[PDB]
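First, one chain by itself in structure tokens, the form deposited in one PDB entry.
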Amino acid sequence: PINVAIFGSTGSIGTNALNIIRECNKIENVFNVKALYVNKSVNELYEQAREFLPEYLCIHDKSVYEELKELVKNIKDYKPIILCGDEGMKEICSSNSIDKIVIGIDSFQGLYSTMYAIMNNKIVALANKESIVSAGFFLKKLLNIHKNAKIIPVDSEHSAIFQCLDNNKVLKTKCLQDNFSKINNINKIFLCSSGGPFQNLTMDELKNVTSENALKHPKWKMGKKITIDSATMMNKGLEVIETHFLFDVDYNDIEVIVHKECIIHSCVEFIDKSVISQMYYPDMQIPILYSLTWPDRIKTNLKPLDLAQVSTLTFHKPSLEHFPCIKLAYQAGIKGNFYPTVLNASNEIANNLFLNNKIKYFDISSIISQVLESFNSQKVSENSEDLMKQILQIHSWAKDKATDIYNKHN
């Protein structure tokens, strides 16, 4: 039995995780949902508790703690350990009855819970790409200390890449470890992109495109922030850096390719030039499930891929003139140091300004470029706690710098 905790159980990753766990458990009892953790959605956590009956419930916000306790009394034959805040999260991470932790929380609490999952030598199914981009050095250092911890990628392209690898090789290394690509005989990565809603726009059309245009065309339904990143292709820019850190692939060996059908989820070229790819309908249940079953697979009742019906798969190179965020991401990654931290932080601000109709499409990349140009490389801290503080300081500086650039031009 696979003992799982879900952090951010009411968000998109968390709900998809529970959906595929539910369906797989109908076929064979494979998963024990041991713990659920949410910020403040007490009623939604209660409904999940009633169905899954986890040993642990944790809610971050103290103001709904007593309500959760009273709601849980209604459930028959059920006496969970009901916990609160960062201390509850740490208790869940340290439990000997939990093997795998799904991190479906964004922002700092995602990184913080990832840190504690790694410190307790757990398998960590990580969906939060911003944490890998911003704090990749820190995660690498931490995984080198806590040698039985493993990050398994959930981001769909990185799951695809991971699924293209021979586990006879993967098991002799792990993600975020130096020489991962060499041990797995990886030569090059094709990183697939939907292209986003603006993929066919002219430069003149891009100049005054708005957030409404990005949001009101959802071919895949997803959150506002990632939708804007998909529109600018900064999502793929971040994913390039995510690929570099997860798999130790050189930036010159990562190619972004626009695959509008979203069937092939990414491809790995090996040193012999044979290419392996992973394919399915766009459905986050497969990447999430693989993160929890790896190195095995289990039966699902998902719709089988009908390739004949799909009929055509297409690929083209993205235009860097139309999607300058892609170039900025490569430049930041190649520069190294804390430039990825700065890229991510400045994008956080610029994305949100565009989302709220404060700046235009090309202002996004302008702001990010200016913050990157402003940044000065720092000596990388040797101590993990100092390094974390350094990352947070630079993240905060870069957000403030982006906001300051906006305030001056406004």
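One-based numbering along the sequence shown. Whichever C-alpha set is largest while still superposing within 1.5 Å between the two forms counts as the rigid core.
Another form, the form deposited in another entry, is not on view; read the next lines as being about it.
- Residue shifts between the shown form and the other one, rigid core superposed: of 177, 277, 109, 95, the only C-alpha displaced by 2 Å or more belongs to 109.
- The Cα position of residue 204 differs by less than 2 Å between the shown form and the other one after fitting on the rigid core.
- Once both forms are fitted on their core, the CA shift for residue 362 between the shown form and the other one remains under 2 Å.
- Relative to the superposed rigid core, the position of the CA of residue 349 differs between the shown form and the other one by less than 2 Å.
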